[PDB]
file protein_21.csv (CSV, C-alpha atoms)
chain,number,residue,atom,x,y,z
A,1,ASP,CA,0.0,0.0,0.0
A,2,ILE,CA,1.2,3.5,-0.9
A,3,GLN,CA,0.7,6.3,1.6
A,4,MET,CA,-0.7,9.6,0.6
A,5,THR,CA,-0.2,12.7,2.6
A,6,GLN,CA,-2.6,15.8,2.2
A,7,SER,CA,-1.4,19.1,3.3
A,8,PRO,CA,-3.2,21.1,4.2
A,9,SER,CA,-5.4,18.5,5.9
A,10,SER,CA,-8.0,21.2,6.4
A,11,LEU,CA,-8.6,24.6,4.7
A,12,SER,CA,-11.1,27.3,4.9
A,13,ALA,CA,-11.7,29.5,1.9
A,14,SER,CA,-14.3,32.1,1.0
A,15,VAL,CA,-16.8,31.7,-1.9
A,16,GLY,CA,-15.0,32.2,-5.1
A,17,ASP,CA,-11.6,31.6,-3.7
A,18,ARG,CA,-9.2,29.1,-5.1
A,19,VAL,CA,-8.7,26.2,-2.8
A,20,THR,CA,-5.2,24.7,-2.6
A,21,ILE,CA,-4.7,21.1,-1.5
A,22,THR,CA,-1.4,19.2,-1.9
A,23,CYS,CA,-1.0,15.5,-1.6
A,24,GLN,CA,2.3,13.7,-1.6
A,25,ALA,CA,2.6,10.0,-2.5
A,26,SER,CA,5.1,7.9,-0.5
A,27,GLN,CA,5.9,6.0,-3.6
A,28,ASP,CA,6.0,7.2,-7.2
A,29,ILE,CA,2.5,6.6,-8.5
A,30,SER,CA,3.2,8.7,-11.6
A,31,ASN,CA,0.2,10.7,-12.8
A,32,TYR,CA,-2.1,7.9,-11.6
A,33,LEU,CA,-4.1,9.8,-8.9
A,34,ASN,CA,-7.8,10.1,-8.1
A,35,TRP,CA,-9.5,12.9,-6.1
A,36,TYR,CA,-12.5,12.3,-4.0
A,37,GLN,CA,-15.2,14.4,-2.4
A,38,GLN,CA,-17.0,12.9,0.6
A,39,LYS,CA,-20.0,14.5,2.0
A,40,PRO,CA,-22.5,13.2,4.5
A,41,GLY,CA,-25.3,11.2,2.9
A,42,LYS,CA,-23.3,10.7,-0.3
A,43,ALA,CA,-20.6,8.3,-1.1
A,44,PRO,CA,-17.0,9.5,-1.6
A,45,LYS,CA,-17.1,10.4,-5.2
A,46,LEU,CA,-14.2,11.2,-7.3
A,47,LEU,CA,-13.8,14.4,-9.1
A,48,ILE,CA,-10.7,13.4,-10.8
A,49,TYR,CA,-9.6,10.0,-11.9
A,50,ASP,CA,-6.2,10.8,-13.4
A,51,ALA,CA,-4.4,13.7,-11.7
A,52,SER,CA,-6.1,16.4,-13.8
A,53,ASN,CA,-8.7,14.4,-15.6
A,54,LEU,CA,-12.2,15.3,-14.4
A,55,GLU,CA,-14.9,12.7,-14.1
A,56,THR,CA,-18.0,13.1,-16.2
A,57,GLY,CA,-20.5,15.4,-14.4
A,58,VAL,CA,-17.8,16.9,-12.2
A,59,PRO,CA,-17.6,20.7,-12.7
A,60,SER,CA,-14.5,22.3,-14.2
A,61,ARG,CA,-14.0,24.3,-10.9
A,62,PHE,CA,-12.1,21.2,-9.7
A,63,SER,CA,-8.7,20.7,-11.1
A,64,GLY,CA,-5.5,18.9,-10.1
A,65,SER,CA,-2.0,18.8,-11.3
A,66,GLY,CA,1.1,16.6,-10.6
A,67,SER,CA,3.0,13.6,-11.7
A,68,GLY,CA,5.1,11.3,-9.6
A,69,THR,CA,4.9,12.3,-6.0
A,70,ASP,CA,3.7,15.9,-5.7
A,71,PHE,CA,0.0,16.5,-6.4
A,72,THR,CA,-2.0,19.6,-6.1
A,73,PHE,CA,-5.7,19.8,-6.2
A,74,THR,CA,-7.3,23.1,-6.6
A,75,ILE,CA,-10.9,24.3,-6.6
A,76,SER,CA,-10.9,27.5,-8.7
A,77,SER,CA,-14.5,28.5,-8.0
A,78,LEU,CA,-15.3,27.4,-4.5
A,79,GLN,CA,-19.1,27.1,-3.9
A,80,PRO,CA,-21.1,26.3,-0.7
A,81,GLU,CA,-21.9,22.9,-2.2
A,82,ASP,CA,-18.2,22.0,-2.3
A,83,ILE,CA,-18.1,21.8,1.5
A,84,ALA,CA,-16.9,18.2,1.8
A,85,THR,CA,-13.9,16.3,2.6
A,86,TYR,CA,-11.3,15.8,-0.2
A,87,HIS,CA,-9.1,12.9,-0.6
A,88,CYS,CA,-6.2,11.9,-2.8
A,89,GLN,CA,-5.9,8.3,-3.7
A,90,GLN,CA,-3.3,6.4,-5.7
A,91,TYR,CA,-4.1,3.8,-8.3
A,92,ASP,CA,-0.6,2.6,-9.1
A,93,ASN,CA,-0.6,-0.2,-6.6
A,94,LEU,CA,-3.1,-2.0,-4.3
A,95,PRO,CA,-4.5,-1.6,-1.9
A,96,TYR,CA,-5.5,1.8,-2.9
A,97,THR,CA,-5.5,4.1,0.1
A,98,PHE,CA,-6.6,7.6,0.6
A,99,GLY,CA,-4.5,10.4,1.9
A,100,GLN,CA,-6.4,11.1,5.1
A,101,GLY,CA,-8.8,13.8,3.9
A,102,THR,CA,-8.9,17.5,3.8
A,103,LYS,CA,-11.8,19.0,5.5
A,104,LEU,CA,-12.8,22.1,3.5
A,105,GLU,CA,-14.7,25.0,4.9
A,106,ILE,CA,-16.0,28.3,3.7
A,107,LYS,CA,-14.7,31.2,5.7
A,108,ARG,CA,-16.1,34.7,5.7
B,201,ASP,CA,-8.3,0.1,7.9
B,202,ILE,CA,-11.0,-2.3,6.9
B,203,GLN,CA,-9.9,-5.1,4.7
B,204,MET,CA,-11.9,-6.2,1.7
B,205,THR,CA,-11.3,-9.8,0.9
B,206,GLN,CA,-12.4,-11.0,-2.6
B,207,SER,CA,-13.0,-14.5,-3.7
B,208,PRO,CA,-12.7,-15.7,-6.3
B,209,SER,CA,-9.4,-13.8,-6.8
B,210,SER,CA,-10.1,-14.3,-10.6
B,211,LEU,CA,-13.3,-15.4,-12.3
B,212,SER,CA,-13.9,-16.6,-15.8
B,213,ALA,CA,-17.4,-16.5,-17.1
B,214,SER,CA,-18.9,-16.8,-20.6
B,215,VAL,CA,-20.5,-13.9,-22.6
B,216,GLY,CA,-23.9,-13.2,-21.2
B,217,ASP,CA,-23.2,-15.3,-18.0
B,218,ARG,CA,-24.1,-13.9,-14.7
B,219,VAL,CA,-20.9,-13.2,-12.8
B,220,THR,CA,-20.8,-13.4,-9.1
B,221,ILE,CA,-18.0,-11.8,-7.0
B,222,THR,CA,-18.0,-12.0,-3.3
B,223,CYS,CA,-16.2,-9.5,-1.1
B,224,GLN,CA,-15.9,-9.7,2.6
B,225,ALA,CA,-15.2,-6.7,4.8
B,226,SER,CA,-13.2,-7.2,7.9
B,227,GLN,CA,-15.7,-4.9,9.8
B,228,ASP,CA,-19.4,-4.1,9.2
B,229,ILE,CA,-19.5,-1.2,6.8
B,230,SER,CA,-23.3,-1.4,6.4
B,231,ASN,CA,-24.4,-1.2,2.8
B,232,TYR,CA,-21.8,1.5,2.2
B,233,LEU,CA,-19.8,-0.1,-0.6
B,234,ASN,CA,-18.4,1.1,-4.0
B,235,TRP,CA,-17.4,-1.1,-6.9
B,236,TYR,CA,-14.6,-0.2,-9.3
B,237,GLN,CA,-13.4,-1.7,-12.6
B,238,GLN,CA,-9.8,-1.4,-13.1
B,239,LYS,CA,-8.2,-2.4,-16.4
B,240,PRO,CA,-4.6,-1.9,-17.5
B,241,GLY,CA,-4.2,1.5,-19.0
B,242,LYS,CA,-7.3,2.9,-17.5
B,243,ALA,CA,-8.3,4.4,-14.2
B,244,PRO,CA,-10.6,2.5,-11.9
B,245,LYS,CA,-14.1,3.3,-13.0
B,246,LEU,CA,-16.9,3.1,-10.6
B,247,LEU,CA,-20.0,1.0,-11.3
B,248,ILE,CA,-21.7,1.2,-7.9
B,249,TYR,CA,-21.6,3.7,-5.1
B,250,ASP,CA,-24.0,2.2,-2.6
B,251,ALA,CA,-24.0,-1.6,-2.7
B,252,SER,CA,-26.8,-1.9,-5.2
B,253,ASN,CA,-26.9,1.7,-6.5
B,254,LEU,CA,-25.4,1.9,-10.0
B,255,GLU,CA,-23.6,5.1,-11.0
B,256,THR,CA,-24.7,7.2,-14.0
B,257,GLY,CA,-23.2,6.0,-17.2
B,258,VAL,CA,-23.0,2.5,-15.8
B,259,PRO,CA,-25.2,-0.2,-17.4
B,260,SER,CA,-27.8,-2.2,-15.5
B,261,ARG,CA,-25.8,-5.3,-16.3
B,262,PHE,CA,-23.9,-4.6,-13.1
B,263,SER,CA,-25.5,-4.9,-9.7
B,264,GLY,CA,-24.5,-5.7,-6.1
B,265,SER,CA,-26.0,-7.0,-2.9
B,266,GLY,CA,-25.0,-7.3,0.7
B,267,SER,CA,-24.7,-5.2,3.8
B,268,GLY,CA,-22.3,-5.3,6.6
B,269,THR,CA,-19.5,-7.7,5.8
B,270,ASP,CA,-20.6,-10.0,3.0
B,271,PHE,CA,-21.1,-8.4,-0.4
B,272,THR,CA,-21.9,-9.9,-3.7
B,273,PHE,CA,-21.4,-8.2,-7.0
B,274,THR,CA,-23.1,-9.6,-10.0
B,275,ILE,CA,-22.9,-8.9,-13.7
B,276,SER,CA,-26.1,-10.2,-15.2
B,277,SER,CA,-25.0,-9.8,-18.8
B,278,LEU,CA,-21.3,-10.2,-19.2
B,279,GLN,CA,-19.8,-8.3,-22.2
B,280,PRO,CA,-16.3,-8.7,-23.8
B,281,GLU,CA,-15.6,-5.0,-22.8
B,282,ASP,CA,-16.1,-5.9,-19.1
B,283,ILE,CA,-12.8,-7.8,-19.0
B,284,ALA,CA,-10.9,-6.0,-16.2
B,285,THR,CA,-10.1,-6.3,-12.6
B,286,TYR,CA,-13.0,-5.7,-10.1
B,287,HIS,CA,-12.6,-4.5,-6.6
B,288,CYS,CA,-14.8,-3.5,-3.8
B,289,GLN,CA,-14.0,-0.5,-1.6
B,290,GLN,CA,-15.4,0.5,1.7
B,291,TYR,CA,-16.4,3.9,2.9
B,292,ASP,CA,-17.6,3.4,6.5
B,293,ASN,CA,-14.2,3.9,8.1
B,294,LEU,CA,-10.8,5.3,7.1
B,295,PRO,CA,-8.5,4.6,5.6
B,296,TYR,CA,-10.4,3.4,2.7
B,297,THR,CA,-8.9,0.5,1.0
B,298,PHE,CA,-9.7,-1.7,-1.9
B,299,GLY,CA,-10.3,-5.4,-2.2
B,300,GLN,CA,-7.5,-7.6,-3.7
B,301,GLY,CA,-8.9,-7.4,-7.2
B,302,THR,CA,-10.6,-10.1,-9.0
B,303,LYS,CA,-9.9,-10.8,-12.7
B,304,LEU,CA,-12.8,-10.9,-14.8
B,305,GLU,CA,-12.2,-13.2,-17.6
B,306,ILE,CA,-14.4,-14.6,-20.3
B,307,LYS,CA,-14.3,-18.3,-20.8
B,308,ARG,CA,-15.9,-20.3,-23.5
call {"tool": "encode", "arguments": {"input": "protein_21.csv", "output": "structure tokens"}}
result
Amino acid sequence: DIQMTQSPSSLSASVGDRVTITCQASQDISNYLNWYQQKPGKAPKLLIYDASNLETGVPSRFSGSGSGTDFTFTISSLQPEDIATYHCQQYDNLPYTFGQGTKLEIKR
Amino acid sequence: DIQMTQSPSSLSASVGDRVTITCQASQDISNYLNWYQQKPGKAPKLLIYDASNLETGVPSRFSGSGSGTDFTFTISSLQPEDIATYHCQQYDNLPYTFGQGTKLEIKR
């Protein structure tokens, strides 16, 4: 299993701010990274399935970049509905694990 | 971490055959289970996000049952394109892991 570290593990941003989440992989997973949003009453659903590649239905306000070990997830247009916990997960080697989870808040 | 044990570790079924994959969680995760299809060169694609709940874009040929520890994933109409590795993931407790990974193969 490969460890994923999210820093910051929590972040508060105002509506319209660009969220910054970095995740580091313990082992080189290349660009094979998924990003998940987990909110209460929903399942953790991925926004991105390949570093930067958005899943169908997922708004373009979510974006990620990185290849190898450093990964950065950004929400360009943060909305109230984006209040959920974000997770980075690797898909290079099983078991796939999540990098804790970043608890996102909207500050005013 | 909750461990997701899958048996068979590889399963071969004919075209149109109803595949049955059993996954066992180490701890009762209730019906909170996702199913992914991972094939070489592609990212793990989700079929089911809540044990029996199929995701949008996913055909009704996939389905799952179970709650707690025992989970059964079934493909009612197996297609040649479904040749990949299937694995269950839990979302009741972190870290989220993935099941071993069962090979779906088509036998004749």
call {"tool": "closest_residue", "arguments": {"input": "protein_21.csv", "among": "B:241, B:259, B:280, B:264", "to": "chain A", "atoms": "all atoms listed in the file"}}
result
B:241
call {"tool": "calpha_fit_and_write", "arguments": {"input": "protein_21.csv", "fixed": "chain A", "moving": "chain B", "output": "compact mmCIF listing (two decimals) with C-alpha atoms, in the coordinates of the input"}}
result
# COMPACT_ATOMS: atom_id res chain seq x y z
CA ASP B 201 0.39 0.26 0.32
CA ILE B 202 1.23 3.74 -0.79
CA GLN B 203 0.40 6.43 1.65
CA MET B 204 -1.24 9.66 0.59
CA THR B 205 -0.39 12.45 2.92
CA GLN B 206 -2.60 15.61 2.72
CA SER B 207 -1.80 19.01 3.98
CA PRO B 208 -3.54 21.09 4.95
CA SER B 209 -5.57 18.47 6.90
CA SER B 210 -8.45 21.09 6.71
CA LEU B 211 -8.71 24.19 4.55
CA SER B 212 -11.03 27.12 4.78
CA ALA B 213 -11.43 29.27 1.75
CA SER B 214 -13.97 31.94 0.75
CA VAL B 215 -16.68 31.54 -1.98
CA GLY B 216 -15.06 31.82 -5.34
CA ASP B 217 -11.49 31.43 -3.84
CA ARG B 218 -9.11 29.12 -5.46
CA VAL B 219 -8.50 26.21 -3.11
CA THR B 220 -5.25 24.43 -3.10
CA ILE B 221 -4.79 20.93 -1.55
CA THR B 222 -1.52 19.20 -1.62
CA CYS B 223 -1.18 15.43 -1.39
CA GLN B 224 2.03 13.56 -1.20
CA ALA B 225 2.38 9.92 -2.17
CA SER B 226 4.84 7.82 -0.33
CA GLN B 227 5.95 6.27 -3.72
CA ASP B 228 5.87 7.63 -7.30
CA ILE B 229 2.49 6.77 -8.71
CA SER B 230 3.07 8.81 -11.89
CA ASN B 231 0.12 10.98 -12.78
CA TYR B 232 -2.21 8.14 -11.83
CA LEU B 233 -4.31 9.86 -9.18
CA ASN B 234 -8.09 10.08 -8.40
CA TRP B 235 -9.79 12.73 -6.31
CA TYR B 236 -12.88 12.05 -4.22
CA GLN B 237 -15.28 14.30 -2.29
CA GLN B 238 -16.63 12.73 0.71
CA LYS B 239 -19.36 14.43 2.75
CA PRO B 240 -21.32 13.02 5.68
CA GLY B 241 -24.27 11.11 4.41
CA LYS B 242 -22.95 10.69 0.96
CA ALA B 243 -20.59 8.35 -0.80
CA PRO B 244 -17.23 9.60 -1.96
CA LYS B 245 -17.78 11.13 -5.34
CA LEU B 246 -15.02 11.30 -7.79
CA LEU B 247 -13.97 14.59 -9.41
CA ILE B 248 -10.77 13.46 -11.14
CA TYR B 249 -9.54 10.15 -12.41
CA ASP B 250 -6.18 11.05 -13.87
CA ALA B 251 -4.51 13.90 -11.99
CA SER B 252 -5.91 16.64 -14.16
CA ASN B 253 -8.67 14.70 -15.97
CA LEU B 254 -12.09 15.67 -14.60
CA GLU B 255 -14.83 13.02 -14.57
CA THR B 256 -18.14 13.49 -16.43
CA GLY B 257 -20.66 15.33 -14.39
CA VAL B 258 -17.88 17.11 -12.55
CA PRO B 259 -17.53 20.89 -13.06
CA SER B 260 -14.40 22.56 -14.41
CA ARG B 261 -14.09 24.36 -11.11
CA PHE B 262 -12.08 21.36 -9.95
CA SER B 263 -8.67 20.57 -11.35
CA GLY B 264 -5.42 18.88 -10.25
CA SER B 265 -1.74 18.87 -11.05
CA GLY B 266 1.27 16.81 -10.20
CA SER B 267 2.90 13.55 -11.12
CA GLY B 268 4.83 11.13 -9.11
CA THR B 269 4.64 12.06 -5.46
CA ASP B 270 3.54 15.67 -5.15
CA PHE B 271 -0.02 16.45 -6.22
CA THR B 272 -1.99 19.59 -6.02
CA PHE B 273 -5.72 19.80 -6.28
CA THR B 274 -7.28 23.11 -6.93
CA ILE B 275 -10.82 24.39 -6.93
CA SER B 276 -10.81 27.54 -9.00
CA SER B 277 -14.33 28.59 -8.08
CA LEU B 278 -15.30 27.44 -4.65
CA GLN B 279 -19.08 26.90 -4.15
CA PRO B 280 -21.03 26.45 -0.84
CA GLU B 281 -22.04 22.90 -2.11
CA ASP B 282 -18.33 21.90 -2.26
CA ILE B 283 -18.09 21.78 1.54
CA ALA B 284 -16.93 18.19 2.17
CA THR B 285 -13.87 16.22 2.85
CA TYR B 286 -11.37 15.79 -0.08
CA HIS B 287 -9.00 12.95 -0.48
CA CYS B 288 -6.58 11.77 -3.01
CA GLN B 289 -6.25 8.08 -3.90
CA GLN B 290 -3.57 6.29 -5.76
CA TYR B 291 -3.90 3.62 -8.36
CA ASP B 292 -0.31 2.68 -9.32
CA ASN B 293 0.09 -0.01 -6.68
CA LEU B 294 -2.15 -2.05 -4.38
CA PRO B 295 -3.62 -1.79 -1.97
CA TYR B 296 -5.14 1.41 -2.89
CA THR B 297 -5.59 3.75 -0.08
CA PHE B 298 -6.89 7.20 0.44
CA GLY B 299 -5.31 10.35 1.76
CA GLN B 300 -6.19 11.48 5.35
CA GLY B 301 -8.98 13.74 4.19
CA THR B 302 -8.91 17.40 4.13
CA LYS B 303 -11.92 19.49 5.25
CA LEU B 304 -13.05 21.93 2.88
CA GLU B 305 -14.52 24.78 4.66
CA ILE B 306 -15.71 28.17 3.56
CA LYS B 307 -14.45 31.10 5.50
CA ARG B 308 -15.50 34.66 5.22
call {"tool": "closest_atom_pairs", "arguments": {"input": "protein_21.csv", "of": "chain A", "to": "chain B", "cutoff": "10 Å", "atoms": "all atoms listed in the file", "output": "JSON lines"}}
result
{"residue": "A:1", "atom": "CA", "partner": "B:297", "partner_atom": "CA", "distance": 9.0}
{"residue": "A:32", "atom": "CA", "partner": "B:243", "partner_atom": "CA", "distance": 7.6}
{"residue": "A:33", "atom": "CA", "partner": "B:243", "partner_atom": "CA", "distance": 8.7}
{"residue": "A:34", "atom": "CA", "partner": "B:243", "partner_atom": "CA", "distance": 8.4}
{"residue": "A:38", "atom": "CA", "partner": "B:291", "partner_atom": "CA", "distance": 9.3}
{"residue": "A:42", "atom": "CA", "partner": "B:249", "partner_atom": "CA", "distance": 8.7}
{"residue": "A:43", "atom": "CA", "partner": "B:249", "partner_atom": "CA", "distance": 6.2}
{"residue": "A:44", "atom": "CA", "partner": "B:291", "partner_atom": "CA", "distance": 7.2}
{"residue": "A:45", "atom": "CA", "partner": "B:249", "partner_atom": "CA", "distance": 8.1}
{"residue": "A:46", "atom": "CA", "partner": "B:246", "partner_atom": "CA", "distance": 9.2}
{"residue": "A:48", "atom": "CA", "partner": "B:243", "partner_atom": "CA", "distance": 9.9}
{"residue": "A:49", "atom": "CA", "partner": "B:243", "partner_atom": "CA", "distance": 6.2}
{"residue": "A:50", "atom": "CA", "partner": "B:243", "partner_atom": "CA", "distance": 6.8}
{"residue": "A:55", "atom": "CA", "partner": "B:245", "partner_atom": "CA", "distance": 9.5}
{"residue": "A:56", "atom": "CA", "partner": "B:257", "partner_atom": "CA", "distance": 8.9}
{"residue": "A:57", "atom": "CA", "partner": "B:256", "partner_atom": "CA", "distance": 9.2}
{"residue": "A:89", "atom": "CA", "partner": "B:296", "partner_atom": "CA", "distance": 9.2}
{"residue": "A:91", "atom": "CA", "partner": "B:243", "partner_atom": "CA", "distance": 7.3}
{"residue": "A:92", "atom": "CA", "partner": "B:243", "partner_atom": "CA", "distance": 9.4}
{"residue": "A:94", "atom": "CA", "partner": "B:298", "partner_atom": "CA", "distance": 7.0}
{"residue": "A:95", "atom": "CA", "partner": "B:298", "partner_atom": "CA", "distance": 5.2}
{"residue": "A:96", "atom": "CA", "partner": "B:297", "partner_atom": "CA", "distance": 5.3}
{"residue": "A:97", "atom": "CA", "partner": "B:297", "partner_atom": "CA", "distance": 5.0}
{"residue": "A:98", "atom": "CA", "partner": "B:296", "partner_atom": "CA", "distance": 6.0}
{"residue": "A:99", "atom": "CA", "partner": "B:295", "partner_atom": "CA", "distance": 8.0}
{"residue": "A:100", "atom": "CA", "partner": "B:295", "partner_atom": "CA", "distance": 6.8}
{"residue": "A:101", "atom": "CA", "partner": "B:294", "partner_atom": "CA", "distance": 9.3}
call {"tool": "atom_distance", "arguments": {"input": "protein_21.csv", "atom1": "atom CA of residue 302 of chain B", "atom2": "atom CA of residue 214 of chain B"}}
result
15.8 Å
call {"tool": "closest_residue", "arguments": {"input": "protein_21.csv", "among": "A:21, A:78, A:106, A:84", "to": "residue 39 of chain A", "atoms": "only C-alpha atoms"}}
result
A:84
call {"tool": "atom_distance", "arguments": {"input": "protein_21.csv", "atom1": "atom CA of residue 251 of chain B", "atom2": "atom CA of residue 51 of chain A"}}
result
26.4 Å
call {"tool": "residues_around", "arguments": {"input": "protein_21.csv", "residues": "residue 10 of chain A", "least_positions_apart": "3", "cutoff": "10 Å", "atoms": "all atoms listed in the file", "output": "ChimeraX atom specification"}}
result
/A:6-7,21,85-86,101-105
call {"tool": "atom_distance", "arguments": {"input": "protein_21.csv", "atom1": "atom CA of residue 35 of chain A", "atom2": "atom CA of residue 88 of chain A"}}
result
4.8 Å
call {"tool": "residues_around", "arguments": {"input": "protein_21.csv", "residues": "residue 68 of chain A", "least_positions_apart": "6", "cutoff": "7 Å", "atoms": "all atoms listed in the file", "output": "mmCIF file with C-alpha atoms, keeping the file's coordinate frame"}}
result
data_model
loop_
_atom_site.group_PDB
_atom_site.id
_atom_site.type_symbol
_atom_site.label_atom_id
_atom_site.label_comp_id
_atom_site.auth_asym_id
_atom_site.auth_seq_id
_atom_site.Cartn_x
_atom_site.Cartn_y
_atom_site.Cartn_z
ATOM 1 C CA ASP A 28 6.000 7.200 -7.200
ATOM 2 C CA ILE A 29 2.500 6.600 -8.500
ATOM 3 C CA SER A 30 3.200 8.700 -11.600
ATOM 4 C CA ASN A 31 0.200 10.700 -12.800
#
call {"tool": "residues_around", "arguments": {"input": "protein_21.csv", "residues": "residue 263 of chain B", "least_positions_apart": "4", "cutoff": "8 Å", "atoms": "only C-alpha atoms", "output": "VMD selection string"}}
result
chain B and resid 248 251 to 254 273 to 276
call {"tool": "axis_aligned_box", "arguments": {"input": "protein_21.csv", "around": "segment 66-76 of chain A", "padding_each_side": "6 Å", "output": "AutoDock Vina command-line options"}}
result
--center_x -2.9 --center_y 19.4 --center_z -8.7 --size_x 28.0 --size_y 28.2 --size_z 18.0
